[PDB]
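Below is final.tsv, holding TSV, C-alpha atoms.
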chain	number	residue	atom	x	y	z
S	18	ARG	CA	9.92	-19.63	-11.17
S	19	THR	CA	6.23	-19.56	-12.46
S	20	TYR	CA	4.68	-20.23	-9.04
S	21	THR	CA	4.07	-17.70	-6.30
S	22	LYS	CA	5.13	-18.34	-2.71
S	23	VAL	CA	2.53	-18.18	0.05
S	24	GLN	CA	4.02	-17.76	3.55
S	25	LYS	CA	2.80	-17.62	7.22
S	26	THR	CA	5.34	-17.21	10.08
S	27	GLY	CA	5.64	-20.56	11.97
S	28	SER	CA	4.04	-22.61	9.12
S	29	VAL	CA	5.63	-24.50	6.22
S	30	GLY	CA	5.21	-22.19	3.16
S	31	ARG	CA	3.44	-23.08	-0.14
S	32	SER	CA	3.67	-22.36	-3.89
S	33	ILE	CA	0.64	-21.58	-6.06
S	34	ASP	CA	-0.29	-20.71	-9.68
S	35	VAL	CA	-2.08	-17.40	-8.76
S	36	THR	CA	-3.47	-17.19	-12.32
S	37	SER	CA	-5.24	-20.62	-11.94
S	38	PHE	CA	-7.59	-19.04	-9.32
S	39	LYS	CA	-9.46	-16.60	-11.46
S	40	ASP	CA	-10.56	-14.09	-8.68
S	41	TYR	CA	-9.62	-12.87	-5.13
S	42	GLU	CA	-12.54	-14.72	-3.47
S	43	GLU	CA	-11.17	-18.02	-4.92
S	44	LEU	CA	-7.58	-17.13	-4.07
S	45	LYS	CA	-8.32	-15.95	-0.43
S	46	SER	CA	-10.58	-19.00	0.28
S	47	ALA	CA	-7.98	-21.52	-1.05
S	48	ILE	CA	-5.23	-19.78	1.06
S	49	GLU	CA	-7.43	-19.83	4.21
S	50	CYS	CA	-8.06	-23.59	3.77
S	51	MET	CA	-4.32	-24.20	3.24
S	52	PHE	CA	-3.27	-22.49	6.51
S	53	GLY	CA	-6.33	-23.32	8.67
S	54	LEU	CA	-7.55	-19.65	8.76
S	55	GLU	CA	-11.21	-20.18	7.79
S	56	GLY	CA	-13.01	-16.80	7.70
S	57	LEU	CA	-10.02	-14.66	8.72
S	58	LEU	CA	-8.72	-13.37	5.33
S	59	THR	CA	-12.34	-12.87	3.99
S	60	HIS	CA	-13.79	-10.56	6.81
S	61	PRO	CA	-11.93	-7.16	7.17
S	62	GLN	CA	-14.71	-5.69	9.38
S	63	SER	CA	-14.12	-8.40	12.14
S	64	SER	CA	-10.60	-9.83	11.53
S	65	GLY	CA	-7.25	-8.17	12.15
S	66	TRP	CA	-5.48	-10.67	9.80
S	67	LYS	CA	-4.15	-9.37	6.49
S	68	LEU	CA	-3.30	-11.21	3.27
S	69	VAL	CA	-0.47	-9.12	1.78
S	70	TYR	CA	1.88	-9.38	-1.25
S	71	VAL	CA	5.24	-8.10	-2.48
S	72	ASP	CA	5.23	-6.70	-6.02
S	73	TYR	CA	7.80	-6.19	-8.89
S	74	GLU	CA	8.88	-2.92	-7.12
S	75	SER	CA	9.31	-4.66	-3.69
S	76	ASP	CA	6.26	-2.92	-2.16
S	77	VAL	CA	4.11	-4.66	0.51
S	78	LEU	CA	0.50	-4.18	-0.62
S	79	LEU	CA	-2.88	-5.58	0.56
S	80	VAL	CA	-4.40	-8.33	-1.61
S	81	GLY	CA	-7.64	-7.07	-3.13
S	82	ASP	CA	-7.20	-3.47	-4.31
S	83	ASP	CA	-6.09	-3.89	-7.92
S	84	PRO	CA	-7.91	-5.30	-11.04
S	85	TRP	CA	-7.16	-9.08	-10.91
S	86	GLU	CA	-5.43	-8.95	-14.35
S	87	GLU	CA	-2.95	-6.31	-13.10
S	88	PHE	CA	-2.32	-8.23	-9.81
S	89	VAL	CA	-1.47	-11.55	-11.51
S	90	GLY	CA	1.30	-9.59	-13.38
S	91	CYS	CA	2.75	-7.60	-10.40
S	92	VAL	CA	2.59	-10.29	-7.69
S	93	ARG	CA	6.03	-11.64	-6.68
S	94	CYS	CA	5.00	-13.46	-3.41
S	95	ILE	CA	2.17	-13.56	-0.87
S	96	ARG	CA	2.30	-13.38	3.02
S	97	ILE	CA	-0.36	-13.83	5.73
S	98	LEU	CA	0.05	-11.26	8.54
S	99	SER	CA	-1.58	-11.90	11.99
S	100	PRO	CA	-2.83	-8.92	14.05
S	101	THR	CA	0.49	-9.22	16.04
S	102	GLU	CA	2.68	-9.09	12.87
S	103	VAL	CA	0.83	-5.97	11.69
S	104	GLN	CA	1.80	-4.19	14.97
S	105	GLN	CA	5.33	-5.66	14.70
S	106	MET	CA	5.49	-4.02	11.23
S	107	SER	CA	4.37	-0.61	12.68
S	108	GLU	CA	7.06	-0.70	15.41
S	109	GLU	CA	9.73	-1.62	12.84
S	110	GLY	CA	8.72	1.51	10.83
S	111	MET	CA	9.31	3.50	14.11
S	112	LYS	CA	12.71	1.74	14.51
S	113	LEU	CA	13.54	2.74	10.85
S	114	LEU	CA	12.48	6.39	11.65
S	115	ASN	CA	14.60	6.35	14.93
N	18	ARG	CA	-0.57	-0.07	-13.92
N	19	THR	CA	-4.01	1.76	-13.69
N	20	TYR	CA	-4.49	2.22	-9.90
N	21	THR	CA	-2.18	4.44	-7.77
N	22	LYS	CA	-0.23	3.08	-4.72
N	23	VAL	CA	-0.80	4.80	-1.35
N	24	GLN	CA	2.03	4.27	1.07
N	25	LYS	CA	2.89	4.78	4.74
N	26	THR	CA	6.02	3.63	6.53
N	27	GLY	CA	5.23	0.76	8.93
N	28	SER	CA	1.92	0.21	7.15
N	29	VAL	CA	0.76	-2.27	4.44
N	30	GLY	CA	0.46	-0.29	1.19
N	31	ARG	CA	-2.76	0.31	-0.76
N	32	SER	CA	-3.95	0.95	-4.34
N	33	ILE	CA	-6.70	3.45	-5.36
N	34	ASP	CA	-8.37	4.49	-8.62
N	35	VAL	CA	-7.46	8.21	-8.43
N	36	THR	CA	-10.05	9.01	-11.16
N	37	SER	CA	-12.95	7.59	-9.01
N	38	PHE	CA	-12.62	10.89	-6.97
N	39	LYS	CA	-14.05	14.30	-8.05
N	40	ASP	CA	-11.64	16.39	-5.87
N	41	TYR	CA	-8.70	16.45	-3.34
N	42	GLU	CA	-11.12	16.63	-0.30
N	43	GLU	CA	-12.55	13.24	-1.45
N	44	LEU	CA	-9.00	11.80	-2.13
N	45	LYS	CA	-7.70	12.94	1.32
N	46	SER	CA	-10.85	11.59	3.18
N	47	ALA	CA	-10.55	8.08	1.54
N	48	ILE	CA	-6.78	7.85	2.34
N	49	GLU	CA	-7.49	8.97	5.98
N	50	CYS	CA	-10.06	6.14	6.42
N	51	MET	CA	-7.79	3.48	4.79
N	52	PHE	CA	-4.87	4.29	7.17
N	53	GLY	CA	-6.84	5.56	10.25
N	54	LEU	CA	-5.75	9.24	9.98
N	55	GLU	CA	-9.22	10.95	10.09
N	56	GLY	CA	-8.50	14.73	10.08
N	57	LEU	CA	-4.67	14.58	9.75
N	58	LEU	CA	-4.24	15.21	6.00
N	59	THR	CA	-7.31	17.54	5.62
N	60	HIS	CA	-6.36	20.12	8.39
N	61	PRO	CA	-2.51	20.02	8.02
N	62	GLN	CA	-1.64	23.24	9.97
N	63	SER	CA	-2.35	21.56	13.39
N	64	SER	CA	-1.11	18.08	12.26
N	65	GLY	CA	2.28	18.40	10.43
N	66	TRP	CA	1.24	15.36	8.31
N	67	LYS	CA	1.95	15.85	4.62
N	68	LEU	CA	0.29	13.92	1.78
N	69	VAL	CA	2.98	13.79	-0.94
N	70	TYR	CA	3.02	12.28	-4.44
N	71	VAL	CA	5.50	11.29	-7.16
N	72	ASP	CA	4.74	12.56	-10.64
N	73	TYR	CA	5.54	11.26	-14.19
N	74	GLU	CA	8.87	13.20	-14.05
N	75	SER	CA	9.93	11.41	-10.80
N	76	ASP	CA	9.51	14.57	-8.66
N	77	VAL	CA	8.27	14.46	-5.00
N	78	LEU	CA	5.45	17.13	-4.75
N	79	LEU	CA	2.74	18.09	-2.14
N	80	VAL	CA	-0.78	16.86	-3.12
N	81	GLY	CA	-3.18	19.77	-3.66
N	82	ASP	CA	-1.38	22.56	-5.53
N	83	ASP	CA	-2.26	21.54	-9.12
N	84	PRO	CA	-5.65	21.61	-10.90
N	85	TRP	CA	-7.34	18.24	-9.99
N	86	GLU	CA	-7.48	17.34	-13.73
N	87	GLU	CA	-3.74	17.91	-14.10
N	88	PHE	CA	-2.96	15.90	-10.93
N	89	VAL	CA	-5.05	12.87	-12.03
N	90	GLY	CA	-2.81	12.29	-15.11
N	91	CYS	CA	0.50	13.18	-13.37
N	92	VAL	CA	0.34	11.18	-10.16
N	93	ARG	CA	2.33	7.87	-10.16
N	94	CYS	CA	2.13	7.23	-6.41
N	95	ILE	CA	1.00	8.83	-3.16
N	96	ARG	CA	2.86	8.66	0.21
N	97	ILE	CA	1.75	9.70	3.67
N	98	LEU	CA	4.48	11.58	5.53
N	99	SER	CA	4.51	11.60	9.34
N	100	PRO	CA	6.00	14.72	11.14
N	101	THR	CA	9.23	12.74	11.97
N	102	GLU	CA	9.77	11.49	8.30
N	103	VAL	CA	9.46	15.18	7.23
N	104	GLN	CA	12.38	16.27	9.52
N	105	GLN	CA	14.47	13.24	8.31
N	106	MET	CA	14.05	14.43	4.64
N	107	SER	CA	16.52	17.34	5.22
N	108	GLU	CA	19.29	14.82	6.26
N	112	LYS	CA	23.88	14.81	3.88
N	113	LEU	CA	24.02	13.73	0.16
N	114	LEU	CA	24.99	17.35	-0.83
N	115	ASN	CA	28.07	17.09	1.48
N	116	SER	CA	28.72	13.61	-0.10
N	117	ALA	CA	28.65	14.87	-3.76
N	118	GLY	CA	30.51	18.08	-2.75
N	119	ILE	CA	33.46	16.28	-1.07

Could you render the structure from this file as structure tokens?
Amino acid sequence: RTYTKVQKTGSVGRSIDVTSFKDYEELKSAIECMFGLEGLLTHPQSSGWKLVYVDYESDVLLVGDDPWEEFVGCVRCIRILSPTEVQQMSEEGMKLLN
Amino acid sequence: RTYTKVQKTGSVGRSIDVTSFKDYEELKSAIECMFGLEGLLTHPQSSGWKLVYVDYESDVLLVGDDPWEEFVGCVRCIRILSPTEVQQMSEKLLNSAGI
């Protein structure tokens, strides 16, 4: 498997060549157009939506933080989290702790 | 690997350039903003929140004891520990290996 999975709960998932996009602006925009989320993954100051990824160590990390070259190497799969899923994640951490 | 992971249970992880900070006060403030914990890791006495890290030798250690220069090259990842997670760390493997 050369292609990376892009998933959104309730949508049919997709597979992309992350490396073919050469930056996060290009990546994020393409993903927003694919799932009909125009402006939501490219505005952290207004939107509660997160574009996350699972890496080689199975860690859920936010897309954007790392140098692109590192990212392209670590990335195992991508997921779009809605403001609701982010709170569902928080509550599941509380379930884990209790 | 060049940036350091910052993690919190029930939260989406992050990655920071540890070197882009002059001191621990700066490191702690950035992490607090990123995870919405303003004043929890800086004043720990009244919070119980611990900012831990994993060094090159795979050891879990409290962030802030070592000279900043030393820390910078030893850190592998940072983890934010909530007061509950702290209590849970004591709990069972010693009784497993013993028996």

Problem - From S:79, S:98, S:103, S:113, residue lying nearest residue 51 in chain N [all atoms listed in the file] - result: S:79

4 Å per side around range 91-103 of chain S: axis-aligned box centre and edge lengths, as JSON:
{"center_x": 1.6, "center_y": -9.9, "center_z": 2.8, "size_x": 16.9, "size_y": 15.9, "size_z": 34.4}

Exercise for the section: Report as an NGL selection string the set of chain S residues whose atoms approach chain N to within 9 Å, with distances computed over all atoms listed in the file. Expected result: :S and (67 or 69 or 76-84 or 87 or 91 or 103-111 or 113-115)

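Distance annotation: of N:75, N:49, N:36, N:68, the residue with the minimal separation from residue 95 in chain N is N:68; atom set is all atoms listed in the file.
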
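Note that the spacing between CA of residue 51 in chain S and CA of residue 52 in chain N amounts to 28.8 Å.
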
Fill in the blank from the handout: Between CA of residue 71 in chain N and CA of residue 108 in chain N lies a distance of 19.6 Å

Handout entry: residue 70 in chain N surroundings by all atoms listed in the file, 12 Å radius, close-in-sequence under 4 positions cut, as a list in words
Key = residues 21, 22, 23, 24, 25, 35, 74, 75, 76, 77, 78, 79, 80, 81, 82, 83, 88, 89, 91, 92, 93, 94, 95, 96, 97 and 98 of chain N

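Between CA of residue 40 in chain N and CA of residue 41 in chain S the separation is 29.3 Å.
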
Spatial neighbours of range 23-34 of chain S, max dist 6 Å, all atoms listed in the file, sep filter under 5 positions, as a PDB file with C-alpha atoms, in the frame of the given file:
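Written file, out.pdb:
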ATOM      1  CA  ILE S  95       2.170 -13.560  -0.870  1.00  0.00           C
ATOM      2  CA  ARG S  96       2.300 -13.380   3.020  1.00  0.00           C
ATOM      3  CA  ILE S  97      -0.360 -13.830   5.730  1.00  0.00           C
TER       4      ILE S  97
END

Handout entry: Among listed residues S:19, S:86, S:43, S:100, nearest residue 63 in chain S (using only C-alpha atoms)
Key = S:100

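Residue neighbourhood of residue 56 in chain S, excluding near-sequence residues (fewer than 2 positions): residues 42, 45, 46, 47, 48, 49, 50, 52, 53, 54, 58, 59, 60, 61, 62, 63, 64, 65, 66 and 67 of chain S, at 12 Å, using all atoms listed in the file.
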
Could you turn the residues from that selection into a file that holds C-alpha atoms, as a CSV table (one decimal), keeping the file's coordinate frame?
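For reference, again_16.csv as written:
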chain,number,residue,atom,x,y,z
S,42,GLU,CA,-12.5,-14.7,-3.5
S,45,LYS,CA,-8.3,-16.0,-0.4
S,46,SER,CA,-10.6,-19.0,0.3
S,47,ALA,CA,-8.0,-21.5,-1.0
S,48,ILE,CA,-5.2,-19.8,1.1
S,49,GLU,CA,-7.4,-19.8,4.2
S,50,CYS,CA,-8.1,-23.6,3.8
S,52,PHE,CA,-3.3,-22.5,6.5
S,53,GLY,CA,-6.3,-23.3,8.7
S,54,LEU,CA,-7.6,-19.6,8.8
S,58,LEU,CA,-8.7,-13.4,5.3
S,59,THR,CA,-12.3,-12.9,4.0
S,60,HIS,CA,-13.8,-10.6,6.8
S,61,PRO,CA,-11.9,-7.2,7.2
S,62,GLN,CA,-14.7,-5.7,9.4
S,63,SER,CA,-14.1,-8.4,12.1
S,64,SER,CA,-10.6,-9.8,11.5
S,65,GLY,CA,-7.2,-8.2,12.2
S,66,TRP,CA,-5.5,-10.7,9.8
S,67,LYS,CA,-4.2,-9.4,6.5
